[PDB]
Every structure is written in C-alpha cells, then in structure tokens.
Amino acid sequence: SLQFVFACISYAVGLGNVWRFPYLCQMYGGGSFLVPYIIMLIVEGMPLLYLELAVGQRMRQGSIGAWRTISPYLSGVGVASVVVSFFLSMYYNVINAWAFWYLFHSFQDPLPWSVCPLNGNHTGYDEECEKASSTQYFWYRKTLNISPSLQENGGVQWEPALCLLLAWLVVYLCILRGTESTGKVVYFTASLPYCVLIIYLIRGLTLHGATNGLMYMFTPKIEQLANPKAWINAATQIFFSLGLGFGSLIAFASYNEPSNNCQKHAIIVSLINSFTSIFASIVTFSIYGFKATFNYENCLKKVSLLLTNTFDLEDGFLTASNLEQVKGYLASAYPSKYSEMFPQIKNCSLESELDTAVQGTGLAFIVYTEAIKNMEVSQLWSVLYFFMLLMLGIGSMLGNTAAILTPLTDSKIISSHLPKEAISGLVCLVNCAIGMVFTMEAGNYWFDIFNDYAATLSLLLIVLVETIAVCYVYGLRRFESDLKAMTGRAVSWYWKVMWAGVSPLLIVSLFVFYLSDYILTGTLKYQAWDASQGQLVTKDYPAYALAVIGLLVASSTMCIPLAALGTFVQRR
Amino acid sequence: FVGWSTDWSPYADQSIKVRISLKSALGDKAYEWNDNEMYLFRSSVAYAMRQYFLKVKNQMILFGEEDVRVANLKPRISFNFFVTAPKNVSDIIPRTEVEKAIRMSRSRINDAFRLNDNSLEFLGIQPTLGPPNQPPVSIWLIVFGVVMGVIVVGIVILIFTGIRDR
Ligand SMILES: *[C@@H]1O[C@H](CO)[C@@H](O[C@@H]2O[C@H](CO)[C@@H](O[C@@H]3O[C@H](CO)[C@@H](O)[C@H](O)[C@@H]3O)[C@H](O)[C@H]2NC(C)=O)[C@H](O)[C@H]1NC(C)=O
Ligand SMILES: *[C@@H]1O[C@H](CO)[C@@H](O)[C@H](O)[C@H]1NC(C)=O
Ligand SMILES: *[C@@H]1O[C@H](CO)[C@@H](O)[C@H](O)[C@H]1NC(C)=O
Ligand SMILES: *[C@H]1O[C@H](CO)[C@@H](O)[C@H](O)[C@H]1NC(C)=O
Ligand SMILES: O=C(O)[C@@H]1CCCCN1
C-alpha cells in the first residue's frame, strides 16, 4: 500500500501545487478562487480519481488497452490521453529551466534580484527597475527579456535555450538511470518540499503585513465569485494537479492487486494534494501580502515626502495617521499652491496593491526571490528552495514522460527497430527542439498560451468521455458487480451517484458557461509586460495566436471522434 | 514692468539651498536644530571652503563662520547659504566653486551631523553611489558548465554501459 500511495503522491505533487496554484489563486481573486476549488474537489476530484483507479484495477491493462477493451469505437480516447501529455511535456520543462536559471544566479553575494542596476549617471537607479521591483525587473528583463507584445518577437535567447537543454538532459539522464530505485527517494523526496515550505512559512508569517496577504487569500469576494472563468480554472487545475486525463494513473493502478481498497487510497491522495496546494499557497500569499503592504507604505511615504518638501512642513510632522486631515488643512490654508500638484498627489490603498502587486506565471519566482532577499544567508535558502522546486519538477516530468513513452515502448513495430534508449533519446530531442519557441523574446506569451490551453479543457473532455464510457456504455451495474467481486465490498452509493450523474453534469455546465462567456465577450485577452509603466496591461490576442489556441485543444479532443469514424469505416 | 516681486534678492543667484531631515535619518535620539547647530554647520562649510581653496587653487584664504551667510531659515530646516570673501562683503564666491568645494568635502559635513547624503541635500549637488563591481566573467555560466558537463558524462557512461551489457 505504501509503495502505490507514495508513487501516486510523488506523481500528483509537483509544480502544479507549488507554482500554478498560487498564481491561479491570485489571478481570480484569492478567496473567490478558493471556494470553488474545494467545491470542485468534492464533486470532481475524488469521484473521478477513484473511477480512474478502479478502471485501472478492473481492466488491469494500460490506458489504450483498457479503453479499447471496453469498446473498439472508443480506443481513440487512449491515444488522445497520450497527446495531451506530449503537449504538457512540451512546455512543463521550461519551468524547470527557469528554476535552473534561478539556481545558477544564487552563488553571488550581490544577488541579481536584490539590488537594481545603476541608471547611468551612477547617481540613481534604472527607471524600469525603480517603477517595478528588483525581483520583477530580474524576472521580466534579466530572465525572459519579455517583449512588450506578442506580435514583437526576436531571436532565440541563448541563455534560456541552454537552461532548457540542461533540464532536458537531466530528464533524459533520470530516465536512463533509474526506474525502481525510488525506495529511499520516496523517503526523502516527499519530506524535503514540506521542510522547505515549513521554513518559508516560519519566515513568511513574521514579516510585516503578512495577515493582509492571508486576509486577501481567505476572503471570498462575492462580486468576483460569479466569474465562470474562476470555476473553469479551478476545475482544470484540480484535473491537472491530480493528473486526471493523462492516462498514467490507470497504468499505475494496473499494477496493483484487485483485493485492495481504492476508496481509501483515492481519498488520501486527493486530500494530500489539496493540503499541499493550500499550504504552499498560504506561504506564497503571506509573502505576497508582505509585498503589498511594503508597496502601500512606500507610496504613503512618497506622498508624505512630496507634501513636506513643498509645504515646508517639519520632518516627522506628516505621518500616515494624519495625512488626510493635514491635506485638508493644507488645502484650506491656500488653494493656489495646492492646485499645482493636485494631479501629482497619488491615491494608494491596500486593496488595489493587493490585486496588482504581482501577477502572472512568475508569481512564485518573484515572491520567493523577494523572500530570499529578506533572509540572513540568502544564498543557502535560495539554493534549498530552488532545489526543492527542481526535485518536484523533475519527478513530475519523469511521471509525464513515462506516460508518454510506455505506449511507444509497448509498440512492437518501433521496439523491433530501435532500442528504448534511442526511442527515449529521440522523444527528448523532439520535445527540447520544439520547446525552443518558449525561449524567444515573446516566448512567455506562448508559454502562457500553452499553460492555459494545451492541457486545460482537453482534460475535461477526456474525463467526461471516460466517465460516460464507464457508466453508460460498459454498464454501471456490471462494473459495480465486477468491483465487488474483485474486492468483496460493493461501491458505495455516493460514489455511484457522483460517477453517473453529478460529475458529468457539472463538467457540461462548466463547458457551457465558459463557451457562453467567451461568445458574449468576443475578445480574448492576455497580459503583457509594460516596462515604461512597469506593470501588466491587457492586450487582445492576434489572429495567428487564436489558430494555435484552437488547434492545441482541438487536436487532442477531436482525436476521439476521428477514431470512432475510422472504426465505423473499417466495419463498413 | 511696473511693480515688484517680493522674491528676487541680489544674493539669490549664488545661494545654495540646504534641506536637512533629522527625524528621518535618526528616528529617535535626534537632537534639536538650535542656533548652536547652525554655528556648527557654518563652521563646517567654512572649513570645506578652506580645504577647497588650499588643495585645489593653492591659495590660503581665511574663511570664517561669519562668512557663510544664511537666509530663509524654516522649520523643515531648509535654508539658503552663500559664502563671501574673507573680509570683502561685495565679493561673493561664485556658486560653481562653492558646489565643487561641497562635493570635495561632503563626507566630513555628513559625518559632523550623522547624516548620509539623503537627509542632508544640497539641491544641486547629486551624489554618486559608486560603480557596482562585476565578477571576472560569470559565476552562473561556470556553474552551468560544470553541471552540464557532469550530466553529459553521466548520460554517455550510462548509454555506453547499457549498450555494452546487451
Ligand atoms: C572685493 O571684491 C570685488 C569683486 O566682487 C572687487 O571689485 C573688483 O575690483 C577690481 C579692481 O578695481 C576691478 O577691476 C577693475 O575694473 C575696472 C572697471 O572698468 C577697471 O577700470 C580696472 O582697470 C580694473 O579692471 C573689478 O572690476 C571689480 N569687480 C567687481 C565685480 O566690481 C573689490 O576690489 C574687492 N575689494 C577689495 C578691497 O579687494
Ligand atoms: C541623470 O540622468 C538623467 C537621464 O535619465 C538626466 O536627465 C539627468 O540630467 C542626469 N543627472 C545629472 C546630474 O546629470
Ligand atoms: C486621486 O483621487 C482624487 C480624488 O478622489 C482624484 O481626483 C484623482 O484623479 C485621483 N488620482 C490621482 C492621480 O490624483
Ligand atoms: C561617485 O563618483 C564620484 C566621481 O564621479 C566619486 O568621487 C564618489 O566617491 C563616488 N561615490 C562612491 C564611490 O561611493
Ligand atoms: O503536480 C504537478 O505538477 C503534476 C503535473 C502533471 C500531472 C501530475 N501533477
């Protein structure tokens, strides 16, 4: 039991828990995103994960083998579940590359994200490095060198290309080296992320204004709770973090005994995944709240300094506790002078800073580099954190690439011509060569596209097709009888209810709501960095970016009906 | 132009404006800016002028605390000073020389009042923080090269052993 449970945990717990969940929570309102998540975990996560594990046991075959033995007209859903993994493995590694970068720039006393470069007079700081933060400047310019718009792209940045090449070499080495020696690793790789997150929580809960971050995280704003995109993203993140639809959970459960409790194991795996995501996001949002409080305090200090240098007030007379009253007093004293700079006086509040302090796919890196820069020995904590992140990414990618490669190895047509060491080498080479598009100047936008559409909605349609197949085509009574004969205990009525009607209906409703929202809006937008404004602006997707967005989902989803049509043609 | 303005003054062109922020740079334990502190500041400025005229122009000029004329004192501790000749009131040291003198010996003036270039602003004399040194070439590149080399060696040896075993 321990072996299977820890294998599933090591697969599920990855960068989707530590990296994707925090910025997804920040983007969709914090609490306004956390309430659907839990709501989407009881209905979609547990029942469908249990269904996958039971199909893995009762078939005791691979994903393609299982979905072909249930019915030939359905074999395509085994092929599509591979293709999605492909796209995932196409871009996921980029994240690991970034971590490598952040690791290699961690053996310097003047940490690159700690101090802004000099302006050029050697008297001040850079304009964009001052308008943004040092961490944000490092992430958006020194790391990605992000172009202001998707239409503007340069050449392949050689440093990110080398980092991605190194990450793929490490993945290939891990593939070749070990396949069953995870004995002590499971004892080690499952506790190190928790230890590092505990350390960063210990630092993260003693910073000034950490409760602001926690309050933002846990406040369920009803106004933005009605957004269908929040529900869609919650469901898709649940599916992407549990691994549902990738087809490797079925393979993992295929090697388990049929006299095993998959009701306990599914519940435990889902709860552990949820708890890890919540803990990592709690630490991240505590640091994020510290950042927002610091920005608010800095703005208040700047406004106070502006007023003091002009009205010739005392050094400490104008504080944050008597600002408006003194502003009114100054306005009442003489309006002629106040009229000149009234545009210049800026309004800042904690709420707006909390929404727009840091946002995007680099939220984890920026937040954690800021936290590191506020440590005592910053280098050691940076190495430890970006090594935990490297281990998580490498484990998740080992799982994903095993899911990719097992169908290829199992095919005797290819296995009779080239060694598995060459099949794996070719797969890694193809993935690394195609993933160079994420290292361009405008590569972060393509990474945004793949992170939001490559393995987002196809996982919903795949799981919907799988559950309809299990319930209605195979026959839920026959499946329940088979499972009861296998394990002695019949499936609970709650699991049957969630399998048959509730989860597919909720998935269909989510799809309908998303489609209706997209049609009504009629303008898909993406975030783009603005160095002159030093923040993020919304820009409409160009014509050619929608073709790729459509194709990424369309190929994987439509691989099922095409296979059904081919089978019908073959029969006739 | 008929009329006059109550802001022009014959000394207003050569005045250097000082702004001091005690409470920010010291927080608590900050002294009060009474006339003794003004005396010390004028003595410091006169000393700076003496140093500049001795170490640059090689002239011995006996400036004094009464040769640093101070106007428009305000509670913010923001005023205008200008330095005249040692005993020739009609002669005003031009502002450029005063600025060079202050740049030369700004460290001593800062140390006299325990201020650092941000609480003691001369409004026209912008300090230089200092160039940021760069390492020999790149530490990240060296670490990346080492890691890539060891990974490549591991991959090669594993492939060779796997091929040789079969
Ligand atoms: C105090 O400093 C002032 C300068 O601010 C000295 O005034 C300067 O005196 C010299 C000597 O007379 C002047 O040069 C002369 O100018 C006249 C004007 O045409 C010319 O006829 C002479 O041949 C000679 O070039 C200089 O112009 C004058 N500067 C100013 C601004 O008035 C003054 O002498 C100093 N007092 C003492 C006691 O040294
Ligand atoms: C500092 O550089 C800016 C350009 O960003 C320039 O406008 C300014 O005059 C410079 N300051 C000095 C003292 O030269
Ligand atoms: C700040 O608030 C005032 C009053 O609400 C408003 O007139 C002004 O446009 C706001 N923004 C700035 C930059 O002053
Ligand atoms: C900044 O530069 C000036 C000369 O340009 C130099 O005198 C000063 O000491 C520098 N500041 C430092 C090194 O802190
Ligand atoms: O938690 C993760 O990062 C991985 C992503 C791939 C599916 C399994 N979970």
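Parameters and conventions
Residues numbered from 1 in each chain as written, not as in the entry; some residues may be left out. Chains lettered and ligands numbered in written order. Part of a larger assembly, values for the part shown. Heavy atoms only, no water. Residues with missing side-chain atoms left out of burial classes, pairs and counts. Helix = DSSP H or I, 4+ residues; strand = E, 2+ residues; numbered from the N terminus. Rg over C-alpha atoms; globule rule 2.2 N^0.38 Å. Contact = heavy atoms within 4.5 Å. Pairing = 2+ DSSP bridges. Expected span 1.5 Å × (residues − 1). UniProt positions renumbered as here; feature names shortened; annotations may be inferred. Disulfide = S-S within 2.5 Å. Salt bridge = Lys/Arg side-chain N within 4 Å of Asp/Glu carboxyl O. Axes fitted to C-alpha atoms, helices over the stretch in contact; angles between N-to-C directions. Parallel < 35°, antiparallel > 145°, perpendicular 65-115°, else oblique. Left-handed = near helix turned anticlockwise from the far one by under 90°. Nonpolar A, V, L, I, M, F, W, Y, C, P; charged D, E, K, R; others polar.

- In its metadata, the entry names cryo-EM as the structure determination method and reports 3.24 Å as the resolution.

1. Here we look at the overall build of chain B
So, step 1. When helices and strands are counted, chain B shows five helices and four strands.
So, step 2. For chain B, the succession of helices and strands along the chain, N to C, is β-α-α-β-β-α-α-β-α.
So, step 3. Over its C-alpha trace chain B gives a radius of gyration of 29 Å, far above what one expects of a compact globule, namely 15 Å for 166 residues.
So, step 4. Viewed in the frame of its principal axes, chain B has a C-alpha envelope of about 105 × 45 × 40 Å.
So, step 5. The contacts in chain B between residues at least 6 apart in sequence include a share of 61% that link residues at least 24 apart.

2. Notes on the sheet that holds strand β1 (residues 16–20) of chain B
All names here are of chain B.
So, step 1. If you trace the four strands from one edge of the open sheet to the other, you get β2-β3-β1-β4, paired in antiparallel fashion. Only two strands of the sheet have a single partner each, and these edge strands are β2 (68–71) and β4 (120–121).
So, step 2. Strand direction decides the pairing type here: β1 and strand β3 (residues 78–83), joined by four bridges, are antiparallel. Each residue of the ladder has a partner; that of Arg19, found in β3, is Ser78.

3. Some points on helix α24 (residues 476–487) of chain A
Two residues of an α-helix separated by three or four positions point the same way, owing to the 3.6 residues in each turn.
So, step 1. For α24 of chain A, with 12 residues, the first-to-last C-alpha span of 16 Å sits near the 16 Å given by 1.5 Å per residue.
So, step 2. Phi for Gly488 of chain A, located one or two positions after α24 of chain A, is positive at around 85°.

4. Some thoughts on the UniProt feature "transmembrane region" in chain B
So, step 1. UniProt tags residues 139–159 of chain B as "transmembrane region".
So, step 2. A distance of 30 Å separates the end C-alpha atoms of residues 139–159 of chain B, which is 100% helix and 0% strand.

5. Thoughts on unusual backbone geometry
So, step 1. Non-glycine residue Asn145 of chain A carries a positive phi angle of around 55°.
So, step 2. Take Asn145 of chain A: it is sitting in the loop between α7 (134–143) and α8 (158–177).
So, step 3. Not every positive phi belongs to a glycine, and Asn72 of chain B is a case in point at roughly 60°.
So, step 4. Mapped onto the fold, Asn72 of chain B is located in the loop between β2 and β3.

6. A closer look at the state of the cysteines
All names here are of chain A.
So, step 1. The partner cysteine of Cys116 in its disulfide is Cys129, sulfur to sulfur 2.0 Å. Here the S-S torsion is close to -85°, and the disulfide linking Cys116 with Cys129 is therefore left-handed. Taken together, the positions of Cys116 in the loop between α5 (76–104) and α6 (127–131) and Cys129 in helix α6 put the pair 13 residues apart, joining distant regions of the chain.
So, step 2. There is a disulfide in this structure between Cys299 and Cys348, and the S-S distance comes to 2.0 Å.

7. Considering the pattern of salt bridges
So, step 1. Close ionic contact of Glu128 of chain A with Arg141 of chain A constitutes a salt bridge, the shortest N to O distance being 3.9 Å. Placement of the pair is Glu128 of chain A in helix α6 and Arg141 of chain A in helix α7, with a sequence separation of 13 residues.
So, step 2. Between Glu65 of chain B and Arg42 of chain B there is a salt bridge whose closest N-O contact spans 3.0 Å. Taken together, the residues span a long stretch of sequence, with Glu65 of chain B in the loop between α2 (35–55) and β2 and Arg42 of chain B in helix α2 at a distance of 23 residues.

8. A closer look at the packing of α8 of chain A against helix α5 (residues 139–165) of chain B
So, step 1. At a minimum axis separation of 10 Å, α8 of chain A and α5 of chain B run at an interaxial angle of 30°. With respect to α5 of chain B, the axis of α8 of chain A lies roughly parallel. As α8 of chain A packs across α5 of chain B, the resulting crossing turns out to be left-handed. In this structure, α8 of chain A contributes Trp158, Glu159, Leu162, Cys163, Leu166, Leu169, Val170, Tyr172, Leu173, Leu176 and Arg177 of chain A to the contact, and α5 of chain B contributes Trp140, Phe144, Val147, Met148, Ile151, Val152, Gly154, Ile155, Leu158 and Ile159 of chain B.
So, step 2. Per-class residue counts for the contact of α8 of chain A with α5 of chain B are 18 nonpolar, one polar and two charged.

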